[PDB]
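Participant: Sharing a structure here in structure tokens format.
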Amino acid sequence: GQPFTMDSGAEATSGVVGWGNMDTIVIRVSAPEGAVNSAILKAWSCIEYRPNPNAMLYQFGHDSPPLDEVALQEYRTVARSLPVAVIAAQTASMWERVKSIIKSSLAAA
Amino acid sequence: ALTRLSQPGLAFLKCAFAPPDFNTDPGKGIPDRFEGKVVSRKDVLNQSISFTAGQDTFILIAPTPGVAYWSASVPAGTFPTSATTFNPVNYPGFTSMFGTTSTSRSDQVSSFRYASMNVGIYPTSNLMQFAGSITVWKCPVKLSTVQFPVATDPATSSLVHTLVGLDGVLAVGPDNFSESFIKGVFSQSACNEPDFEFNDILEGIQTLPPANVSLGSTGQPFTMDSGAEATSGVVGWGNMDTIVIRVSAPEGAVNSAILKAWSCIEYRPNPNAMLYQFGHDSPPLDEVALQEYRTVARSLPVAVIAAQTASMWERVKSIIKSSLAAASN
Amino acid sequence: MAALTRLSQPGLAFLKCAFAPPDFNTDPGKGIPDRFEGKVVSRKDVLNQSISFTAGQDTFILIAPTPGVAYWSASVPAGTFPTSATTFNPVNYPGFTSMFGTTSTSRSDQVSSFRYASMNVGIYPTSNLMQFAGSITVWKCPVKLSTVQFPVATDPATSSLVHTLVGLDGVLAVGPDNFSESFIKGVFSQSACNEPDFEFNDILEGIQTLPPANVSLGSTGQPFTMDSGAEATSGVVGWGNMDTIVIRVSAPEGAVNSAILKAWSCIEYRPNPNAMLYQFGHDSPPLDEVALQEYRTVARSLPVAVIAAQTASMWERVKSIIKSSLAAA
Amino acid sequence: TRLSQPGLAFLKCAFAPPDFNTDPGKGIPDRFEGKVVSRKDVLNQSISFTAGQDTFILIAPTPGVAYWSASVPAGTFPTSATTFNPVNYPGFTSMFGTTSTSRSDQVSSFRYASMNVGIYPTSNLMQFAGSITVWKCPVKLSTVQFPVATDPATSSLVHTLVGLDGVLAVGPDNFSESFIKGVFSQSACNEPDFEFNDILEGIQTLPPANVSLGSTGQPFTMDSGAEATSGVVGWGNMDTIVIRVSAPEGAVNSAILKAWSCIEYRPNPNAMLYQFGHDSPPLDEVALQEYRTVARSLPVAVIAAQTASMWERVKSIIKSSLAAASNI
Amino acid sequence: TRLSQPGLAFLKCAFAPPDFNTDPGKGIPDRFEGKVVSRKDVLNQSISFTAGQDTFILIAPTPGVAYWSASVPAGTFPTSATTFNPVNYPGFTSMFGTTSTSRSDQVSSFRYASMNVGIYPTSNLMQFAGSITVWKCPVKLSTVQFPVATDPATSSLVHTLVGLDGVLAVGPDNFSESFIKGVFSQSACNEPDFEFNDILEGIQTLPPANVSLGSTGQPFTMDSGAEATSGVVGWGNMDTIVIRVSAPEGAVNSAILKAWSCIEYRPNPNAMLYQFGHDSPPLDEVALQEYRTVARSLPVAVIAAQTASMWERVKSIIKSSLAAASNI
Amino acid sequence: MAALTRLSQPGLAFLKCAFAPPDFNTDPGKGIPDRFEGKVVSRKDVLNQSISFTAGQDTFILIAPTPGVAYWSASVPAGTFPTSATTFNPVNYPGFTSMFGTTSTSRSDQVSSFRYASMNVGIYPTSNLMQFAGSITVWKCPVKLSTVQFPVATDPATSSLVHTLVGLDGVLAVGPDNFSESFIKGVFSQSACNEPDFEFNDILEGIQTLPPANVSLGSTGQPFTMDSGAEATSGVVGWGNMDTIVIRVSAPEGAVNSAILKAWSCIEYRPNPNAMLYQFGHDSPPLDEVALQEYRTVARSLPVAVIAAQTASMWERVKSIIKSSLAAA
RNA sequence: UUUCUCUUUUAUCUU
RNA sequence: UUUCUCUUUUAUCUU
RNA sequence: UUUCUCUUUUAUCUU
Ligand SMILES: [Ca+2]
Ligand SMILES: [Ca+2]
Ligand SMILES: [Ca+2]
Ligand SMILES: [Ca+2]
Ligand SMILES: [Ca+2]
Ligand SMILES: [Ca+2]
Ligand SMILES: [Ca+2]
Ligand SMILES: [Cl-]
Ligand SMILES: [Cl-]
């Protein structure tokens with residue numbers, strides 16, 4: 001039923017280790033004929049893993065943070081509030097745009 | 001002043017002449033005498049599109065449900081010929097309403113009627129590479145039929161769907177908007193009838209002329225091919241004039257852009273459809289809005305540059321208040 | 001009140017032929033009060049029929065805007081809906097032949113076109129309290145008569161086009177907006193113009209079956225079939241602008257469900273100067289803005305159907321809605 | 001309230017005599033205000049009626065064609081063995097080309113506003129004989145569905161005019177008077193609104209080519225002939241006027257026939273006619289209800305004598321109903 | 001006060017020209033509001049008058065029959081040796097079957113509202129000769145009682161038309177003018193109220209079969225002929241119009257005759273006509289006294305020229321009496 | 001305001017066809033509101049033309065009151081003006097032939113006379129910001145069509161008389177009253193009746209060149225020549241009462257100047273009873289004192305030309321001047 | 001089809 | 001296309 | 001992300 005295919009290639013270089021609970025961001029980038037479109041692409045991922053006692057990874061582990069009712073409801077609000085995407089320009093103005101939405105909805109409470 | 005319009009009657013005028021990027025429920029419906037159950041479908045297309053140099057690309061905003069526009073390119077300085085075929089670009093979820101076979105369109109809905117049909121072209125190329133123009137006019141394209149005989153055994157007479165008025169695309173209408181490509185454009189169409197009558201959903205249509213029909217028998221100047229019955233098709237023809245857009249890209253010109261299309265359509269849902277869940281009664285008659293609609297439409301320019309897409313709603317309100325003023329005297 | 005005095009005699013009669021019970025409405029009214037005032041012939045069709053339902057079988061009844069035919073029925077296995085294997089047979093109003101002849105090509109001999117005003121139906125149980133069983137479900141489908149286009153491998157190869165009933169698929173599911181009570185409680189319901197205005201429809205020649213002769217159900221998209229039978233007894237003379245009333249009547253095994261079935265139809269025809277009908281014609285009623293807006297309101301206001309019990313209380317329920325909405329104006 | 005300039009003009013093109021330099025006007029005052037081109041079609045036809053014949057002239061809402069004429073032996077009406085031939089308005093070809101597929105080349109659709117007709121006897125007073133009779137028919141263009149035993153077997157659907165059977169008899173609502181007295185009559189929109197009808201391609205005959213008159217139900221035939229001189233470009237929503245000029249034996253019946261037609265067409269941007277186009281007049285409720293009233297009030301037809309006292313008949317009705325409604 | 005829609009329509013069907021697309025209307029505005037079916041019967045008859053003959057046309061309140069015609073030598077009137085033959089309105093059979101006992105099959109009773117007649121000369125201006133004369137007769141359908149020597153001896157009672165002797169002379173109150181000028185005339189209810197009359201079964205001739213014209217008193221005979229083509233279905237309460245077209249020798253008198261008839265019938269539940277039925281209009285005192293007044297005021301008949309200036313004659317009288325009564 | 005309500009529908013339309021942009025004016029108006037009310041045919045001529053300018057050459061465009069021809073052009077050496085060695089070639093409005101035949105002696109076949117109402121023109125640059133160069137200068141000349149008288153040494157000797165364009169000499173200098181901005185900024189300008197009233201002008205037969213065939217430029221005084229070419233494609237059918245718009249477009253060497261050129265013409269003709277044109281005619285609009293004085297004022301008030309940019313802002317700029325001068329009255 | 005308050009809770013029109 | 005004062009500085013109409 | 005009125009116009013909570 002999948003409309004297209006996903007190939008990670010040589011098992012020795014890449015592969016599909018799992019599938020998280022985050023909607024998938026889709027991006028169409030139209031390049032006309034004779035157009036030079038050069039850019040830098042960045043990607044963030046805050047992931048929390050369960051380290052295997054054997055892994056040379058484990059020594060960097062710690063305990064998950066305690067429940068923060070506030071932060072969780074803020075997260076949800078900010079999330080649903082923010083726009084699909086913004087222009088690269090206001091990437092820095094982002095943190096601020098956020099801090100705004102927080103005080104705005106935490107004020108009406 | 002704009003308080004003489006019913007809530008919907010106003011909403012109606014907005015879905016109509018303004019690009020409601022604003023997330024209202026998509027339109028209320030039409031403030032006409034009809035108040036039966038309908039579903040206001042707000043169709044919207046966002047298509048990135050690069051224009052090939054040395055070609056005069058033609059785009060048709062037709063009142064064909066489920067399809068935002070049809071295009072094809074002809075060599076620069078020329079228009080479509082018999083040798084031309086237009087391919088449709090569907091709004092999202094075409095199949096989700098009309099199925100995947102030319103005989104399953106009337107499955108979800110039975111009839112329809114357009115309310116708005118807007119389109120905008122927003123240039124994305126730089127100021128050193130673009131070149132060319134965007135020309136726009138509107139054609140009274142209706143969907144009739146052609147009657148001709150066939151030498152079969154026994155010999156018989158045929159009758160098939162044929163598009164009348166297409167010949168209007170072979171020339172730049174006098175009533176037109178023409179300006180530099182880079183300036184983009186926004187334009188909308190309106191009901192080419194005195195009222196908002198419903199049209200039936202058409203089964204089986206995939207091409208015009210229809211398969212097995214020689215072009216010219218119909219008298220059409222070119223062809224319409226929706227392609228695979230499982231991906232697109234022609235489900236009906238609304239009572240809106242078709243919008244013609246000629247984008248001539250000179251040689252070596254990098255003209256890219258983003259095209260947007262809006263369509264408020266009232267469909268009559270079928271009880272067996274899930275879609276039916278979102279049906280409501282059509283808005284009650286709003287004599288004022290119906291009289292304004294007509295006035296606003298007649299006033300507005302053929303089209304305007306992309307920039308004035310915003311000032312659109314405002315331009316409208318002023319035309320209205322200006323009309324409601326003369327009504328007091 | 002001050003609402004019943006704003007209406008013209010015609011305007012009032014109109015509203016009665018539309019929602020009033022058959023007995024109260026002794027006067028069909030001079031017709032439809034609208035812009036049209038040409039020569040017409042008002043004919044109030046009424047069918048009374050003692051019918052007994054087949055036990056262990058659900059019987060479906062379709063009321064459609066077809067001139068000279070009250071309804072169409074078909075029985076299917078209990079708990080099921082029509083299938084491709086299903087075919088509906090029409091029951092004619094008295095004197096169908098005296099109106100549309102006896103040959104599929106002599107329908108337009110008496111009248112050329114028509115337009116429906118009211119189209120009601122009622123079921124009055126006559127079973128005793130020791131024999132009744134089952135339920136009566138009712139919903140309405142927006143069935144319209146369109147056309148389908150497809151190619152044919154003949155010699156030479158050609159493209160066809162024939163009549164198709166669009167939105168018939170709605171009959172295969174009980175839409176959320178429905179009436180549904182125990183058989184014994186009967187049911188009463190009407191239908192109204194599914195168009196903003198009352199436009200005339202042409203009389204259709206040669207139509208006997210749908211899909212028509214030599215056409216596979218497959219190529220039409222219609223979920224089931226319509227057969228009027230011998231051209232000499234019945235047939236499909238046209239298709240009006242009224243949503244179609246659908247009725248599922250479940251009869252359990254060993255249940256005696258006897259009832260009387262009634263049907264109303266206020267139709268306005270265009271008499272042919274030659275017809276022995278013409279001498280009964282008169283001019284269509286003048287426009288009655290009020291009556292028209294009342295009609296629309298009452299229509300959208302009334303419930304899908306009501307139990308047979310409150311068939312008489314109907315006229316009153318109506319007269320209520322009128323003063324209620326004409327008071328807030 | 002009062003009428004608009006266009007709303008008044010509209011009522012004149014509608015029932016006004018054409019000798020009044022009638023203004024096509026800007027068109028029809030209704031909700032529609034779209035671009036359109038107004039055409040005032042006028043035909044003057046000198047014509048002699050065959051003695052011992054009953055000539056039948058039909059005014060139909062067929063664009064570019066003034067009328068269809070056929071003749072049958074005195075005392076009879078058209079039969080299956082009859083075929084009506086159209087007389088085109090001036091410049092038919094300049095509008096709908098010369099092919100049965102060149103109609104929609106200049107205009108895509110249309111709608112009629114008026115459709116009048118007049119017959120002015122030119123015979124002396126002893127030579128003439130016979131009578132003129134008029135009635136109108138609600139002839140509409142439908143479709144017929146019948147099967148055909150081809151390989152493989154198929155079903156055929158085609159155009160068929162309904163309500164023609166009304167021409168085979170003299171409608172009760174009719175005008176009937178001596179030939180010499182002439183006649184004038186007009187038709188009106190047979191629909192509640194003035195909707196647009198499309199232009200029709202390929203129609204040259206009805207029954208069409210390869211169809212028996214039996215398959216259609218139509219009582220007789222319609223032939224426009226050479227697709228290069230005439231044809232059926234569409235069927236409007238106007239009742240069709242029927243005129244039966246009964247000429248007896250040894251009767252010299254000569255006369256002139258005029259045909260009026262106010263039509264609003266939707267011009268194709270590419271057509272030359274587009275420059276002439278303007279916008280349909282704004283809705284004028286008054287005129288739209290006057291039109292409807294005047295129409296219902298006027299007689300089927302009148303002798304050619306009262307062709308000038310026509311406009312005054314109307315002005316009278318206009319203020320006689322603008323009077324029963326002006327009091328309260 | 002003013003008239004109702006039906007009360008106005010009623011006055012039009014009554015004296016209004018039929019070229020006005022006259023509305024049958026809902027019927028008669030009187031105390032009665034019962035279910036009925038309005039029928040507007042119209043006949044157009046092309047007819048040539050025998051030279052040296054005096055043709056007598058009688059408009060009688062016989063349903064389904066436009067008129068009865070008989071001819072006698074110029075200068076004479078009908079005699080015992082005369083028989084009048086009826087010309088039926090269209091679809092006579094569709095209403096009263098094909099048996100002398102199938103009349104009451106569709107409708108049980110009836111009552112006339114209007115009964116007009118017109119004659120429109122189609123002759124040229126030198127060929128024609130003669131004159132048209134009109135007067136009306138209070139012909140009513142009674143009964144005659146005479147004994148018959150059978151075994152045993154018995155008494156016989158049968159229908160007999162009274163007041164026919166009035167056709168054997170030209171009533172003083174009459175219209176008389178040149179043939180060519182044509183003529184138009186109408187009749188009115190000869191009773192104070194519009195009561196219903198029953199449909200009559202078995203009547204084909206008067207005197208009936210087996211009765212001598214001597215037994216009836218009737219001056220001449222009435223024959224409808226084949227019970228399968230015509231017959232006498234009833235006699236209404238309208239005075240009978242008499243028209244004497246006097247054609248001399250070598251006179252070519254051709255013309256068209258029209259006959260109007262607004263009738264209200266009580267439909268049988270089983271009849272197809274029942275669907276078309278509505279309720280008689282509510283009593284409209286105004287119209288009922290206007291009808292009565294207009295009637296008495298109007299002339300016996302008028303030349304066919306003033307057939308259109310008829311409606312205006314009425315509108316005039318309507319407000320000229322609504323004026324002598326509007327002051328105080 | 002109270003100014004826009006004093007005008008008749010015609011009076012308003014008139015003012016728009018005159019100064020309004022081509023897109024806003026979808027309705028040409030019933031014509032000129034003045035004393036004349038006879039039968040006429042309003043024809044709004046519109047030319048759209050993609051034109052590229054020759055580099056290193058100044059191109060001159062002349063807009064004249066000639067029926068069926070939009071403009072006349074000719075290119076000359078940069079920095080220079082026309083000379084005796086110069087000849088202007090006309091560009092026809094669509095369907096010139098369908099109006100004035102194909103032979104210099106069949107111009108008055110469709111129409112006998114005419115009179116101009118509006119005569120606008122606009123230039124919309126389509127070059128990118130890396131390729132445009134040059135300037136657009138505009139002024140107006142009072143060119144009128146007169147006659148010249150001179151003797152001829154024939155046998156016997158005779159005196160001639162032929163058409164001459166008077167005041168053509170004005171095209172050889174940029175008058176103090178002028179528009180003149182960078183090419184890229186485009187330009188928009190109209191022209192108006194150079195007479196106190198709108199008198200009709202006759203259609204002129206046989207005119208193909210000026211100086212005409214067999215006449216030396218010397219004997220006419222005209223500074224340069226006018227050649228319409230093949231009588232079968234173009235020609236000079238008459239000369240209206242509108243000042244002629246002159247346009248100098250300087251294109252530097254190596255500069256890519258591409259633009260769209262538009263032209264308006266509201267002309268009122270006297271249709272010949274025979275013409276297949278006549279059926280579109282109507283009566284001239286009634287006198288509208290207001291509209292006429294407004295016209296004059298607006299005209300004299302508006303600037304020579306404006307940049308292409310404010311072509312839309314035009315209609316508004318106008319509506320301003322009206323209320324301003326109609327307020328002080 | 002009945003009666004209002006109350007806060008709702010969205011939604012535009014206006015500064 | 002916007003707002004007035006001020007003196008401008010010509011210019012006629014009126015005694 | 002900013003400011004209120006106004007009528008909106010739906011929507012429940014309560015008598
Ligand atoms: Ca899938
Ligand atoms: Ca309609
Ligand atoms: Ca074509
Ligand atoms: Ca289907
Ligand atoms: Ca038939
Ligand atoms: Ca006697
Ligand atoms: Ca000079
Ligand atoms: Cl029964
Ligand atoms: Cl171009």
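We number each residue from 1, going along the chain as drawn.
The backbone N, Cα and C atoms fix where each Cβ goes, and this holds for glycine too.
Among the features that Swiss-Prot reports, active site is placed at D:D19, with the record citing a curator's inference. The Ca(2+) 2 binding site feature in Swiss-Prot is assigned to D:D105, D:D165, D:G217. Residues or ranges marked as Ca(2+) 3 binding site in Swiss-Prot (evidence: a large-scale study or a structure entry): D:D105, D:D165. According to Swiss-Prot, the feature Ca(2+) 1 binding site maps to D:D105, an assignment based on a large-scale study or a structure entry. Taken from Swiss-Prot, the feature Ca(2+) 4 binding site covers D:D165, D:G217. Here Swiss-Prot flags D:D193, D:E195 as Ca(2+) 5 binding site. If you look up Swiss-Prot, you'll see D:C13-D:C262 marked as disulfide bond.
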Participant: Nearest to D:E195 (Ca(2+) 5 binding site) in three-dimensional space, by Cα, is which of the binding-site residues D:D105, D:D165, D:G217?
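Facilitator: Nearest listed residue in space: D:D105.
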Participant: Check the Cα-Cα distances from D:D193 (Ca(2+) 5 binding site) to the recorded positions D:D19, D:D105, D:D165, D:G217, D:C262 and tell me which is shortest.
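Facilitator: When the Cα distances are compared, D:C262 comes out closest.
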Participant: Work out the three-state DSSP category of D:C262 (disulfide bond).
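Facilitator: In the DSSP reduction, D:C262 (disulfide bond) maps to strand.
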Participant: Hey, how far is D:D105 (Ca(2+) 2 binding site) from D:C262 (disulfide bond), Cα to Cα, in Å?
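Facilitator: With the alpha carbons as reference points, the distance is 20 Å.
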Participant: Tell me the Cα distance separating D:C262 (disulfide bond) from D:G217 (Ca(2+) 2 binding site), rounded to the nearest angstrom.
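Facilitator: Their Cα atoms are separated by 31 Å.
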Participant: Given a 10 Å Cβ-Cβ cut-off, pick out the one of the binding-site residues D:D193, D:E195 that has the most other Cβ atoms nearby.
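Facilitator: Of the binding-site residues D:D193, D:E195, the highest Cβ count within 10 Å belongs to D:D193.
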Participant: Hey, which of our recorded positions D:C13, D:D19, D:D165, D:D193, D:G217, D:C262 end up with a Cβ under 8 Å from chain C?
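Facilitator: Answer, by Cβ distance to chain C: D:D165, D:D193, D:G217.
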Participant: Reported as an integer number of Å, what is the Cα distance between D:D165 (Ca(2+) 2 binding site) and D:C13 (disulfide bond)?
Facilitator: 30
Participant: Could you state the CA-to-CA distance between D:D19 (active site) and D:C262 (disulfide bond) to the nearest Å?
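Facilitator: Cα-Cα, rounded: 15 Å.
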Participant: Ten-angstrom check, please: count other Cβ atoms within 10 Å of the Cβ of D:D165 (Ca(2+) 2 binding site), all chains counted.
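Facilitator: Taking all protein chains shown, D:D165 (Ca(2+) 2 binding site) has 24 Cβ neighbours within 10 Å.
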Participant: Report the recorded positions (D:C13, D:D19, D:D165, D:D193, D:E195, D:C262) that meet this criterion: Cβ distance to the nearest atom of ligand 2 under 6 Å. Use sequence order and write none if nothing qualifies.
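Facilitator: Listed by sequence, the hits are D:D193, D:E195.
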Participant: Among all chains shown, work out which of the disulfide-bonded residues D:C13, D:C262 has the most CB atoms within 10 A of its CB.
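Facilitator: Top count of Cβ atoms within 10 Å goes to D:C262.
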Participant: Under DSSP, is D:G217 (Ca(2+) 2 binding site) helix, strand or coil?
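Facilitator: Coil, per DSSP.
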Participant: Comparing the recorded positions D:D19, D:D105, which residue's C-beta has the most other C-beta atoms within 10 angstroms in this structure?
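Facilitator: For the recorded positions D:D19, D:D105, the Cβ with the most other Cβ atoms within 10 Å is D:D105.
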Participant: List which of the recorded positions D:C13, D:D19, D:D105, D:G217, D:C262 have a Cβ under 8 Å from any Cβ of chain B, in sequence order, or say none.
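Facilitator: The answer, in sequence order, is D:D105.
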